[PDB]
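A single chain comes next, written as C-alpha coordinates; it is the form deposited in one PDB entry.
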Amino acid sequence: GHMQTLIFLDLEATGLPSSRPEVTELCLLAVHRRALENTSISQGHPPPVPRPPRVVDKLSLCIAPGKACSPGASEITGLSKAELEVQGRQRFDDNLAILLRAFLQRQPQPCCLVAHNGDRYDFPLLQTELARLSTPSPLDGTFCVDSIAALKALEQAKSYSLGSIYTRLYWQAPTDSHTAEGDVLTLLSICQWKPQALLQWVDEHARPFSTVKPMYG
(Lines give C-alpha, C1' and ligand atoms only; values in the text may rest on other atoms or scores of the structure.)
Protein backbone atom coordinates (compact mmCIF):
# COMPACT_ATOMS: atom_id res chain seq x y z
CA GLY A 1 0.00 0.00 0.00
CA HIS A 2 0.90 3.68 -0.32
CA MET A 3 -2.06 6.09 0.09
CA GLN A 4 -1.94 7.00 3.79
CA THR A 5 -5.03 9.21 3.83
CA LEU A 6 -8.33 9.01 1.99
CA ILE A 7 -10.21 12.29 1.85
CA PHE A 8 -13.90 11.80 1.12
CA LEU A 9 -15.15 14.86 -0.72
CA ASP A 10 -18.40 16.29 -1.99
CA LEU A 11 -19.44 19.62 -3.45
CA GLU A 12 -22.75 21.37 -3.77
CA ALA A 13 -23.08 23.92 -6.58
CA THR A 14 -25.29 26.40 -8.45
CA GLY A 15 -26.24 23.86 -11.14
CA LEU A 16 -25.14 21.37 -13.78
CA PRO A 17 -21.87 21.52 -15.85
CA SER A 18 -23.60 23.15 -18.86
CA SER A 19 -24.61 26.13 -16.69
CA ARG A 20 -20.92 26.61 -15.75
CA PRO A 21 -21.61 26.17 -12.01
CA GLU A 22 -19.96 27.66 -8.93
CA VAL A 23 -19.38 25.82 -5.64
CA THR A 24 -21.82 26.65 -2.81
CA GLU A 25 -20.73 23.98 -0.31
CA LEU A 26 -17.80 21.61 0.21
CA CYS A 27 -16.93 18.89 2.70
CA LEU A 28 -13.65 17.08 3.29
CA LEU A 29 -13.54 14.00 5.51
CA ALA A 30 -10.00 12.73 6.04
CA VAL A 31 -9.65 9.10 7.15
CA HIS A 32 -6.31 7.34 7.66
CA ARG A 33 -6.03 4.04 5.74
CA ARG A 34 -5.77 2.10 9.03
CA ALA A 35 -9.08 3.53 10.30
CA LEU A 36 -10.83 2.26 7.16
CA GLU A 37 -9.30 -1.22 7.44
CA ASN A 38 -10.38 -1.41 11.10
CA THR A 39 -14.04 -1.42 10.15
CA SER A 40 -15.27 -5.04 10.25
CA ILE A 41 -16.07 -7.02 7.09
CA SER A 42 -19.75 -6.13 6.60
CA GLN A 43 -21.79 -9.09 7.80
CA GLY A 44 -25.54 -9.76 7.86
CA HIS A 45 -28.31 -9.32 5.29
CA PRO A 46 -28.63 -6.43 5.23
CA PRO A 47 -25.63 -5.19 7.27
CA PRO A 48 -26.16 -2.29 9.69
CA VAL A 49 -24.91 1.15 8.64
CA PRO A 50 -21.42 1.34 10.16
CA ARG A 51 -20.38 4.14 12.49
CA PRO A 52 -17.60 6.35 11.07
CA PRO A 53 -14.09 5.66 12.41
CA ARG A 54 -13.40 7.42 15.72
CA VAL A 55 -10.31 9.24 14.43
CA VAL A 56 -11.45 11.57 11.65
CA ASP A 57 -10.70 15.11 10.44
CA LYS A 58 -13.68 16.99 9.03
CA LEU A 59 -14.08 20.29 7.20
CA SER A 60 -17.47 21.45 5.98
CA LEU A 61 -17.92 24.96 4.58
CA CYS A 62 -20.64 26.99 2.91
CA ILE A 63 -19.55 29.27 0.08
CA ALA A 64 -21.25 32.29 -1.50
CA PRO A 65 -21.37 31.92 -5.30
CA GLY A 66 -21.00 34.80 -7.78
CA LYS A 67 -24.06 33.56 -9.69
CA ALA A 68 -27.51 32.37 -8.58
CA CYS A 69 -28.43 28.71 -8.03
CA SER A 70 -30.82 27.11 -10.54
CA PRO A 71 -34.41 26.40 -9.38
CA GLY A 72 -33.65 22.65 -9.20
CA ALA A 73 -30.34 23.21 -7.40
CA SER A 74 -31.80 25.26 -4.53
CA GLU A 75 -34.65 22.75 -4.26
CA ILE A 76 -32.43 19.71 -3.58
CA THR A 77 -29.51 21.37 -1.75
CA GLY A 78 -31.51 23.76 0.46
CA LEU A 79 -29.02 26.52 -0.36
CA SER A 80 -29.45 29.80 -2.22
CA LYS A 81 -27.14 32.69 -3.13
CA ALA A 82 -29.25 35.16 -1.12
CA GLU A 83 -29.24 32.93 1.97
CA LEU A 84 -25.49 32.36 1.68
CA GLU A 85 -24.93 36.12 1.28
CA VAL A 86 -27.26 37.16 4.12
CA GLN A 87 -25.46 34.71 6.45
CA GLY A 88 -22.14 36.35 5.56
CA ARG A 89 -20.63 33.50 3.54
CA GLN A 90 -17.48 34.38 1.64
CA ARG A 91 -16.63 33.49 -1.96
CA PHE A 92 -14.17 30.82 -3.12
CA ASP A 93 -11.02 32.87 -2.40
CA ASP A 94 -7.32 32.77 -1.41
CA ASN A 95 -8.11 32.43 2.32
CA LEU A 96 -10.14 29.31 1.49
CA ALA A 97 -7.11 27.94 -0.42
CA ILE A 98 -4.93 28.48 2.68
CA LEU A 99 -7.60 26.80 4.83
CA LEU A 100 -7.68 23.81 2.46
CA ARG A 101 -3.86 23.63 2.29
CA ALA A 102 -3.48 23.77 6.09
CA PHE A 103 -6.17 21.07 6.51
CA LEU A 104 -4.49 18.84 3.90
CA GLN A 105 -1.06 19.43 5.48
CA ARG A 106 -2.33 17.92 8.76
CA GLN A 107 -2.81 14.58 6.96
CA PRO A 108 -0.12 11.91 6.42
CA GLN A 109 0.91 11.68 2.76
CA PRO A 110 0.27 10.63 0.03
CA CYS A 111 -3.38 11.76 0.07
CA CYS A 112 -6.19 10.61 -2.22
CA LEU A 113 -9.44 12.50 -2.71
CA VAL A 114 -12.51 10.28 -3.04
CA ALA A 115 -15.65 11.70 -4.65
CA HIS A 116 -18.82 10.21 -6.09
CA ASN A 117 -18.86 11.08 -9.82
CA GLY A 118 -15.61 12.94 -9.06
CA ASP A 119 -14.13 12.52 -12.55
CA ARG A 120 -17.05 14.25 -14.29
CA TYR A 121 -18.22 16.74 -11.64
CA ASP A 122 -16.41 17.31 -8.31
CA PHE A 123 -12.77 17.23 -9.48
CA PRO A 124 -13.16 19.33 -12.68
CA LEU A 125 -15.35 21.85 -10.79
CA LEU A 126 -12.86 22.09 -7.91
CA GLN A 127 -10.04 22.52 -10.46
CA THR A 128 -11.96 25.38 -12.12
CA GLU A 129 -12.50 27.12 -8.74
CA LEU A 130 -8.84 26.78 -7.72
CA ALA A 131 -7.55 28.05 -11.10
CA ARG A 132 -9.22 31.43 -10.43
CA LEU A 133 -7.03 31.92 -7.35
CA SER A 134 -3.64 33.66 -7.15
CA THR A 135 -2.14 31.27 -4.58
CA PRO A 136 -0.69 27.93 -5.74
CA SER A 137 -3.26 25.12 -5.80
CA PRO A 138 -3.60 23.49 -2.34
CA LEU A 139 -4.37 20.19 -4.12
CA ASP A 140 -0.97 19.98 -5.79
CA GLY A 141 0.76 16.85 -4.50
CA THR A 142 -2.60 15.20 -3.77
CA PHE A 143 -4.17 12.34 -5.73
CA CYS A 144 -7.82 11.63 -6.60
CA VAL A 145 -10.21 8.79 -7.40
CA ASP A 146 -13.85 8.39 -8.53
CA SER A 147 -15.78 6.10 -6.18
CA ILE A 148 -18.19 5.07 -8.98
CA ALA A 149 -15.23 3.56 -10.86
CA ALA A 150 -14.13 2.01 -7.54
CA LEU A 151 -17.53 0.43 -6.83
CA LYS A 152 -17.90 -0.80 -10.44
CA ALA A 153 -14.48 -2.49 -10.30
CA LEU A 154 -15.10 -4.07 -6.88
CA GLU A 155 -18.69 -5.14 -7.67
CA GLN A 156 -17.70 -6.69 -11.00
CA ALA A 157 -14.84 -8.78 -9.58
CA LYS A 158 -28.15 -0.64 -12.76
CA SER A 159 -28.34 2.88 -11.29
CA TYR A 160 -25.03 4.09 -9.84
CA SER A 161 -26.40 7.17 -8.08
CA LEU A 162 -25.16 7.63 -4.49
CA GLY A 163 -28.65 6.95 -3.10
CA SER A 164 -29.20 3.81 -5.20
CA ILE A 165 -25.89 2.19 -4.16
CA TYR A 166 -26.48 3.00 -0.47
CA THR A 167 -30.03 1.60 -0.49
CA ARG A 168 -28.89 -1.57 -2.31
CA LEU A 169 -26.30 -2.26 0.41
CA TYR A 170 -28.17 -1.04 3.51
CA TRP A 171 -31.90 -1.29 2.59
CA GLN A 172 -32.39 2.24 4.00
CA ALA A 173 -32.66 5.65 2.34
CA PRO A 174 -29.60 7.86 2.88
CA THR A 175 -29.99 10.89 5.15
CA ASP A 176 -29.18 14.55 4.40
CA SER A 177 -28.96 13.93 0.64
CA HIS A 178 -27.59 16.71 -1.59
CA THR A 179 -25.77 18.36 1.31
CA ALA A 180 -21.95 18.25 1.16
CA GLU A 181 -21.42 16.70 4.61
CA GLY A 182 -24.48 14.43 4.29
CA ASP A 183 -23.30 13.04 0.95
CA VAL A 184 -19.72 12.66 2.24
CA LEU A 185 -20.95 10.64 5.25
CA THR A 186 -23.13 8.55 2.92
CA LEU A 187 -20.11 7.96 0.66
CA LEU A 188 -18.01 6.95 3.70
CA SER A 189 -20.64 4.35 4.68
CA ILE A 190 -20.59 2.87 1.17
CA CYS A 191 -16.76 2.74 1.17
CA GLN A 192 -16.77 0.93 4.53
CA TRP A 193 -18.50 -2.05 2.87
CA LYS A 194 -15.24 -3.51 1.51
CA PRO A 195 -12.52 -1.11 2.77
CA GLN A 196 -9.53 -3.47 2.34
CA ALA A 197 -10.41 -4.09 -1.33
CA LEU A 198 -11.20 -0.38 -1.77
CA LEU A 199 -7.76 0.76 -0.57
CA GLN A 200 -6.11 -1.88 -2.77
CA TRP A 201 -8.02 -0.45 -5.75
CA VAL A 202 -7.21 3.16 -4.71
CA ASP A 203 -3.45 2.46 -4.62
CA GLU A 204 -3.78 0.96 -8.12
CA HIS A 205 -5.83 3.76 -9.73
CA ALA A 206 -5.08 7.02 -7.85
CA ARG A 207 -3.99 9.76 -10.28
CA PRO A 208 -2.51 13.22 -9.56
CA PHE A 209 -5.22 15.88 -9.09
CA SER A 210 -3.06 18.11 -11.32
CA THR A 211 -3.98 15.87 -14.29
CA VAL A 212 -7.68 16.73 -13.79
CA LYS A 213 -8.92 19.05 -16.55
CA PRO A 214 -11.01 22.04 -15.38
CA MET A 215 -14.77 21.85 -16.02
CA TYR A 216 -14.64 25.22 -17.81
CA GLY A 217 -12.33 28.22 -18.30
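The term rigid core refers to the maximal set of C-alpha atoms that superpose within 1.5 Å between the two forms. We number the residues from 1 along the sequence you see.
Just so it is clear, the following notes concern the form deposited in another entry, a form of the same protein that is not shown.
Shown in the overlay between the shown form and the other one, fitted on the rigid core, is a CA shift at residue 60 smaller than 2 Å. Once the rigid core is overlaid between the shown form and the other one, residue 38 does not reach a Cα shift of 2 Å, moving by less than that. Once the rigid core is overlaid between the shown form and the other one, residue 177 counts among the residues whose Cα shifts by 2 Å or more.
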